[PDB]
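As structure tokens, the structure follows; a few thoughts come after it.
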Amino acid sequence: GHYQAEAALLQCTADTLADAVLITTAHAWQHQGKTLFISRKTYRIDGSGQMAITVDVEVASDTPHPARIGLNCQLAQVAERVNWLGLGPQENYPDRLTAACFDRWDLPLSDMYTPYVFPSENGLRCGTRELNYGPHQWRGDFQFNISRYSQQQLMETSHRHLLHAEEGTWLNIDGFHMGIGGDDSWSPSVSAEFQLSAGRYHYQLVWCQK
Amino acid sequence: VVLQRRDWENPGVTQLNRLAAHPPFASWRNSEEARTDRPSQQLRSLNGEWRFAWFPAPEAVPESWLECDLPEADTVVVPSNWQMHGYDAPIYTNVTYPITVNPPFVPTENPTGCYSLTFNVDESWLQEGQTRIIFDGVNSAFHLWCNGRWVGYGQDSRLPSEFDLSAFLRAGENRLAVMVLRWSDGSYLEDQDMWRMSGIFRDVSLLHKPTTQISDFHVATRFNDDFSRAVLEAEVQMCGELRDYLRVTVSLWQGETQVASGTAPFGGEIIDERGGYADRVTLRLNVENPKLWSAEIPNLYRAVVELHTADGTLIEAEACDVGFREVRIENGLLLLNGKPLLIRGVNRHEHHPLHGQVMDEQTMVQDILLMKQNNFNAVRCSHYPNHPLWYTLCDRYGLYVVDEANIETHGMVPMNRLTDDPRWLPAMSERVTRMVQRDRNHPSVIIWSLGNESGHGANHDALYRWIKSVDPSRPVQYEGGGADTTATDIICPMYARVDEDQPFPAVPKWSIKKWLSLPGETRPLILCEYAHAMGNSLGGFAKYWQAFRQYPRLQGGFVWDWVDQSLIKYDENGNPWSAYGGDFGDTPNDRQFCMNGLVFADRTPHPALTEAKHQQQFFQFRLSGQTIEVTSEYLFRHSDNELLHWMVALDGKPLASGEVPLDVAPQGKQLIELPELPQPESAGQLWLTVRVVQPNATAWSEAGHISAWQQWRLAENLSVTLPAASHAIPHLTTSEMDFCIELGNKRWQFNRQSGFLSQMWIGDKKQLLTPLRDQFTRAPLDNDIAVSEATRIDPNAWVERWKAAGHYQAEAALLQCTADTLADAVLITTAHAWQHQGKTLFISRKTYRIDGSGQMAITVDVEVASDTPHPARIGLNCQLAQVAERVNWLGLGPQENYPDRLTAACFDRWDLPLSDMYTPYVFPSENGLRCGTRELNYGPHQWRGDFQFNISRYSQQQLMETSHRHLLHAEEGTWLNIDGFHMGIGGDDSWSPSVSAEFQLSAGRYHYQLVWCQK
Ligand SMILES: OC[C@H]1O[C@@H](OC[C@H]2O[C@@H](O)[C@H](O)[C@@H](O)[C@@H]2O)[C@H](O)[C@@H](O)[C@H]1O
Ligand SMILES: [Mg+2]
Ligand SMILES: [Mg+2]
Ligand SMILES: [Mg+2]
Ligand SMILES: [Mg+2]
Ligand code: NA
Ligand code: NA
Ligand code: NA
Ligand code: NA
Ligand code: NA
């Protein structure tokens, strides 16, 4: 029920600090009485404008290891370029990133999408410390993809020519992402060291304006 | 003549007047005594009280000593090593010879032990037949006199020397004089990494044989394809006068049943143009469906060899235990009785902490029992022939033995300088040939070894072929010169790693997996030494066993090694302490490098032993849904003394348990279907534990012995239900120097100059003696230190890199220390930089969140500079004020376990006395860690999370500064180390970096979280 599971709110509080506002949240994703994931976050917005998001996730040991642990949202902005400090310039995944180099990369938005004829998750870049898109900057240690196509649209479409640019830009920022495998394509082929099996996961992001 | 000839400085003379080697004799004059292995009146022990005098050199020995007792002499127990009686110091050196390397010469100051014995010989022993003396072990060379007359000379410390005394003895009182030299040319071949001692250290006895005697006999057993038929072949040799009326009978016995018998006159088959051996005969006995010998089932028969007259008068009888088994290498696999062995082996020196190198039955039995109880099936005689009883016990209890010649020339440059020299071939040959002649009839001996660490010389090739020629029944192995030379049937490296190559010039150690498939290579690989168990070690052990099980031609190895070579010394109050190299004034020395055991010298187990037991299990398990699949790794036995106990628990709380009898054929599988398990009410992780129990006692184990276990995680139910909001609210008191938080009779004090929780108060009672600080270092393990020779330092060793980077000197510098008030909590935020000489090694960012329930939530985020050596640990430490009796935890245990040595540990609720949370390694280091812990309880304290911890009365600082365990003092309160992360311990070897990459703290950024509350 990973594709069906809905977020249920456990906690949502706000506190005023010396030079910041702190929002604290907790969610559970459940499928037929079973808790698959728990997400606990703090958002800390300070006087400089930077929003620090600290995320701690629990994944039930007996549920299949998840494909990714991250956040997504649809930005209103459509910008021409994507600028990042991390692995590139081309698409790279945890078990396929040796070719990629760490550096400052700047590509048009369209290069951040790989037009596989059968559409799927694509265009990820790993080992990223800084991502820039229009006025937005994200900092941390994350994997990301960015495009005009949502994960849902990619999931529901069988041919690349039937894809349509959605309003704004879909951003997926992951703290962790499963390997892609490929020893073969007709059995589970992702190696254990690339499966998200740790049980507890932590990542932090800083979101600010350029 | 004796002084003039200096036979102890001539590798061309290794003996004078010594009798031929042979299998164990007792010269029974009663066949029934021979059958039942009862004592023999013809074999008398001379052990007990002898007289002894120490001299600095053989030139210092007064001539009168030959004729009568020195009044200056003392009375001492024999067998003994004279260093153990305090006459001079034992020397611990590893590679470097304890004498100047100048073959064949030894120092002129050559410690000389003068032993003598006045004893009675009855006339009946001298009127007829032959009286010989037997010295089973004399280190390192000796001259023998009897009633003042020179008898002979012997070398090789590890095999018996025998001399005919018939013409030297008189009726009544006789006197033996034995002049034992510490050093001789034989010492050049005796450079084993062990204490250098000397003396008459094995049994001394007298044996009476008739003039017409059995002088030798060899037992072979050959089989048909399915081992349903066997032929026992016994070759027998005689000395004395040949007569037509002489006969030999060989009988085979199964318990009290005679299964076969053969009789013949002397006279062998024609072997060449000059005829045959008139003084030998070969009897052949057919055996149908023999019971086969193995370590699994050590079935033994008894062979009795009788020399007699045609009309039935017995002259004498000899006998041995016979094990029907075949050892062969076929298609690259070592087979026993047609099945591929998986060698669960260990190297074992003959060592006792009180008695030195003197071995006794009790110590031997204790070692064998502990080995078998810990799933070992094989032992390597590192590096010399053992005390004869050892083989008899291995025959009877069931262990595979590698019998090894007493040859090690490690200290030579290059290592084969002597072994490639034809001048040293005679001396080397006697150490090989006399071992074979003695031990060839033992079923436990399955492999011959040419010695240890003597490079590869032409002499090895010659002696390899000699053994292959005289004994085709056993493979020959030898490691020197790169582990895969033409002098070895088995690729037998030492400390070759599983996946990692070590490409040393000329003698590389390939990954064992890679080694097998090198172009042209076809042999099986069995490590003669692996998993160096020095101190806190055996990291990565499971990696070897995973590989052994996956690759057919990887057939195991022998752990180095069984028992720590520590010796007992006494303090001023007579209290004993464990000593090592250098503690006896011995110099130069190699310090603690003599201690590499799975067990302490007194046979108390190190934590590593349990890891060995678990990985060497004979049953394998898989879980699929409700089904447990049990696979047998036995080759011969059905599981006829085994039952499976299963237990399902929820965070340590038993929910269901049952038992099923195991009925598994060798190599077979059994499926056990678990019953419907009731859903647990509470949240948490369900764990399945299975264990294999032996309901019945055996020769080697008690009833209820656990032989195997395994755990799996089952269903987990994550906690979604929030704690009911506590009504109380903590109060922050700010001052210039401190942030104080109060909640009832509870205070938390954070120093604002340092940025650490410097104190906690429960009422008016202090909880901390030292502030809670970050710790990134450990008191270095033997593996960390990585020294095999005290002189040499490896700049790549972990301790060296840590020291050079300033990890042990690093000073915390405060970056940020702030306090905030939330609706229902106080939030303290800190950041520290650890720096050495301008360079930042680590940054620690923390939050402490204290709520109304009195729980302190600590979040820690650490950055580690990518160019600093990976740190030993990422954690916190403090000295608690409390000293409590018990430590209680939910996590891996009960024993000490580390990230790369935790497979044996089980997740459960464990409760131990505080003292059991400290492992008393003789050389102190980081110790007592327990991993995968979710909850820890000590006195009033509780910590929750996912962490590793150790807890004890010794700081890392004291452990780092103290060279011997007995010098450690309990500190005030209790030192707690709680780690989010801890580096592997390594152990593949202990003289270079050995911690595998997946166990090094290389991630750059680390996060862990702890909750500290009062229980
Ligand atoms: O305790 C070590 C153990 O291992 C074997 O080899 C010893 C070791 O000594 C070091 O000085 C050398 O650098 C290294 O080449 C060698 O492996 C030996 O067979 C054992 O008897 C014992 O010393
Ligand atoms: Mg690369
Ligand atoms: Mg000599
Ligand atoms: Mg050596
Ligand atoms: Mg006895
Ligand atoms: Na699709
Ligand atoms: Na194997
Ligand atoms: Na050693
Ligand atoms: Na059974
Ligand atoms: Na120490």
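Letters go in sequence order (proteins before strands), and every chain restarts at 1. First listed ligand is number 1; within each ligand, the first listed atom is number 1. Heavy-atom basis, side chains included; hydrogens, waters and symmetry copies ignored.
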For atom 11 (O) of ligand 1, find the nearest protein heavy atom and state the residue, atom name and distance (0.1 Å precision). B/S788 OG, 3.0 Å
Would you say the ring centers of B/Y478 and B/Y464 fall short of 6.0 Å from each other? no
Mark up the atoms of ligand 1 that fall under 4.0 Å of a heavy atom belonging to B/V95, in ascending order. 11 (O)
If you count the atoms of ligand 1 from 1 in the order shown, which ones are under 4.0 Å from a heavy atom of B/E789? 11 (O)
What residue and atom, counting heavy atoms only, is the protein's closest point to atom 19 (O) of ligand 1, and at what distance? B/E529 OE2, 2.7 Å
among protein heavy atoms, the one nearest atom 17 (O) of ligand 1 is B/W991 CZ2, 3.3 Å
Checking B/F923 now: which residues fulfil ring-ring contact (aromatic ring centres under 6.0 Å, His included) with it, not counting sequence neighbours? none
Identify whether the distance between the nearest side-chain nitrogen and carboxylate oxygen of B/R158 and B/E404 falls below 4.0 Å. no
Does B/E408 reach ligand 1 with a nitrogen or oxygen that is under 3.5 Å from one of the ligand's nitrogen or oxygen atoms? no
Number the atoms of ligand 1 from 1 as they appear, then name those within less than 4.0 Å of a heavy atom of B/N596, with their elements. 1 (O)
State the atom name: nearest N, O or S atom of B/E453 to the Mg ion (ligand 4). OE1
So does B/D191 have any N/O/S atom less than 2.8 Å away from the Mg ion (ligand 4)? no
Can you tell which part of B/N452 has a heavy atom less than 4.0 Å from ligand 1: side chain, backbone, both or neither? side chain
Among non-hydrogen protein atoms, atom 9 (O) of ligand 1 lies closest to B/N94 ND2, 3.5 Å
For ligand 1, which atoms sit closer than 4.0 Å to a heavy atom of B/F593? 1 (O), 2 (C)
Quick check, are the ring centers of B/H387 and B/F201 under 6.0 angstrom apart? no
With a 3.5 Å cut-off and no angle check, do the side chains of B/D461 and B/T486 form a donor-acceptor pair? yes
Please report which non-hydrogen protein atom sits nearest to atom 13 (O) of ligand 1, along with the residue it belongs to and the distance in Å to one decimal place. B/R792 NH2, 3.3 Å
Charged N to carboxylate O under 4.0 angstrom, B/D583 versus B/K569? no
Backbone or side-chain N or O of B/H349 under 3.5 Å from ligand 1 N or O: no
Quick check on B/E479 - does any of its heavy atoms sit under 4.0 Å from an atom of ligand 1? no
B/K509 with B/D484: basic N within carboxylate O range, under 4.0 Å: no
Per-atom filter on ligand 1: closer than 4.0 angstrom to a heavy atom of B/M494 are 5 (C), 6 (O), 19 (O)
What N/O/S atom of B/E408 gets nearest to the Mg ion (ligand 4)? OE2
Hey, which N, O or S atom on B/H410 ends up closest to the Mg ion (ligand 4)? ND1
Quick one, A/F194 with A/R96, criterion side-chain contact (heavy atoms from CB on, under 4.5 Å). Give me CA distance, side-chain angles, the key distance, then yes/no. CA-CA 10 Å; A/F194 294 107; A/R96 196 199 77 220; over 6 Å; no
What's the shortest distance from atom 23 (O) of ligand 1 to any protein heavy atom, and which residue and atom give it? B/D193 OD2, 2.6 Å
How close does the nearest protein non-hydrogen atom get to atom 4 (O) of ligand 1, and which residue and atom is it? B/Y495 OH, 2.9 Å
Less than 6.0 angstrom separating the ring centers of B/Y530 and B/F541, yes or no? yes
Are the ring centres of B/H351 and B/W562 closer than 6.0 Å? no
B/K543 with B/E500: basic N within carboxylate O range, under 4.0 Å: no
Pair B/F593 + B/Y92: ring centers closer than 6.0 Å: no
Quick one: look up the protein heavy atom nearest atom 6 (O) of ligand 1 and list residue, atom name and how far away it is. B/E453 OE2, 2.7 Å
Side-chain donor-acceptor pair present, B/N452, B/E479, cut-off under 3.5 Å: no
Looking at ligand 1, is there an atom of it that comes within less than 4.0 Å of some heavy atom belonging to B/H383? yes
So the atoms of ligand 1 within less than 4.0 Å of a heavy atom of B/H532 turn out to be 1 (O), 2 (C)
Does the pair B/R380/B/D561 count as a salt bridge with the N-to-O cut at 4.0 Å? no
